[PDB]
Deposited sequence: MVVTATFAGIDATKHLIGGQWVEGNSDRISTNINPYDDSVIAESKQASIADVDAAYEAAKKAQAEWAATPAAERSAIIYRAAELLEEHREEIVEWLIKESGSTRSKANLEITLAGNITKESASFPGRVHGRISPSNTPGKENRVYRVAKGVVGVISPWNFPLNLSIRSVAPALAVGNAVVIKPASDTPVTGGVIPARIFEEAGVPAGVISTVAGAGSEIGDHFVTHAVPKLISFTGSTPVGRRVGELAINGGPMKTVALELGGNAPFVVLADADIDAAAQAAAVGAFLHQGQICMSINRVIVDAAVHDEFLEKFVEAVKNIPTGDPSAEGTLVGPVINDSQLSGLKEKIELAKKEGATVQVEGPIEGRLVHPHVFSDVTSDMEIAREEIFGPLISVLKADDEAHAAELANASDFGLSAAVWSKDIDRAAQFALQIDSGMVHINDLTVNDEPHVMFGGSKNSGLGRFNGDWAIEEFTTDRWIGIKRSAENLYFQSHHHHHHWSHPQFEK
């Protein structure tokens, strides 16, 4: 259960109901394998009801005055704190998250929701200039309509609120489809938080189900105007294809965390950078916008940084997430293999082990690898686990090439005392976000969940 209803149901038509599918998925605590629950998953006829109920209820929502919608969204943020401990526990249980990680995730979901509540009072269309006598060009800024959000298992609550909150505050009706492993932290909870906040029936909905049964059908559907996806790149591609291959076509917003880079230039404060890289590599692992899985260091400070970086990660306790742990267990037994495979492959491709830990159950301990090249799989591919490569750049220009060598969407970080030069270097990296010496953009968000409707009026 959660906040007053059993976390195994689905919020369809504003009614918490049981799934009509034949499949029954068993949610397993990644740490000790204890059954958390068993729910009758949803069928396509259920997704249909979800979407159709959203379409039918969306207009009245979009038409609700700015202040109202704002107040409700703001209420949701209050509720996030008011149910904090119950949410922390679920984060620990289902997501295999650490007590401290869960705490962060909730604060983060609350900042996004807090910003998002100002959105109503920020959506503006414009009155364009006319080129033909008697013509009035008005471009209204409206809600896209119905958004289908597909949340991941890494930061289930955080990365889902990242799109549910702005999408709802702006007038859209949303339908969440969480990852198989985290259906309540990535779907039931955020859904419930907004229902409890006042979001009208049909506006917020959640539908969980097996990939092979509803995955495709959720994207290819005719109701959603926008599909927001957060996950791994190969799955993003598939959702991307599906959105344009017989739908009709709908906009698809892909949040593909990949192999993010942490560049340390020659004039960087190796001390702070060491500390920082340790936080971004493990304490924030899973969070697509702050996580990093490879630090690129200049040759002139490489040996020093590597030294300090290793002595910093050896002190990262790996254990029972319920505890001072800072790195809990991996999510699936499928996710466990993959990591195992990458550790080996790095060793096999000639990488150098710098920090290795035991692997008990799904409790993978940190792993560091120096002497890594941009062509090694460990660096090219997406990791999503406590794996960490250290590549050497013998030139500042080479650092930029190393940083762009692997695909990654979200963020990139760089350390350098020369704020001005670093800022210039940052522009030399292909990322929409680059942070120097240490998020969520509201403007970028209101634009992603609204559409501009140009209405030409000839008098």
Compared with the full deposited sequence, the modelled chain skips 1-5, 329, 445-464, 486-508
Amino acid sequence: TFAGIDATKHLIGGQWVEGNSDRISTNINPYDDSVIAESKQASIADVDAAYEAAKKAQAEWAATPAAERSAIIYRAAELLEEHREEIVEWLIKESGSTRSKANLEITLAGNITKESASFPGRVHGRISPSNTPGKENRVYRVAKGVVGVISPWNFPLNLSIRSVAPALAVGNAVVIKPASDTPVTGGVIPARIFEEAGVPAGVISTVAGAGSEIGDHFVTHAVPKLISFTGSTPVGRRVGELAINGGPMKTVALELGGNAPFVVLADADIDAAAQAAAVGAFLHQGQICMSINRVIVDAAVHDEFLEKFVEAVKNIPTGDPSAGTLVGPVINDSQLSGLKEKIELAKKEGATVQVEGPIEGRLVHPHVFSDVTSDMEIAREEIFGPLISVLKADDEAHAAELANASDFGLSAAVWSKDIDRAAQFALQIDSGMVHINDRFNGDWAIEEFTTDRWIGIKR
From here on, numbers count along this sequence of modelled residues.
Compare the mean C-alpha B-factor of 345-353 with that of 78-86 as given in the PDB entry, and name the stretch with the higher value.
345-353
Would you determine, from the values in the PDB entry, which of 293-301 and 156-164 has the greater average C-alpha temperature factor?
293-301
Identity of residue with top Cα B-factor, from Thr113, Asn137, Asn245, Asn103
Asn245
Top Cα B factor in the deposited entry, candidates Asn315, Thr182, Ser97, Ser228:
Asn315
Relative to the other modelled residues of the same chain, rank the CA B-factor of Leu11 and answer lowest, middle or highest third.
middle
Cα B factor band for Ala42 (lowest, middle or highest third within the chain)
highest
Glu52 CA temperature factor, ranked by third within the chain:
lowest
Ranking the modelled residues of this chain by C-alpha B-factor as given in the entry, is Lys177 in the lowest, middle or highest third?
lowest
Considering only modelled residues of the same chain, in which third does the CA B-factor of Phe440 rank: lowest, middle or highest?
highest
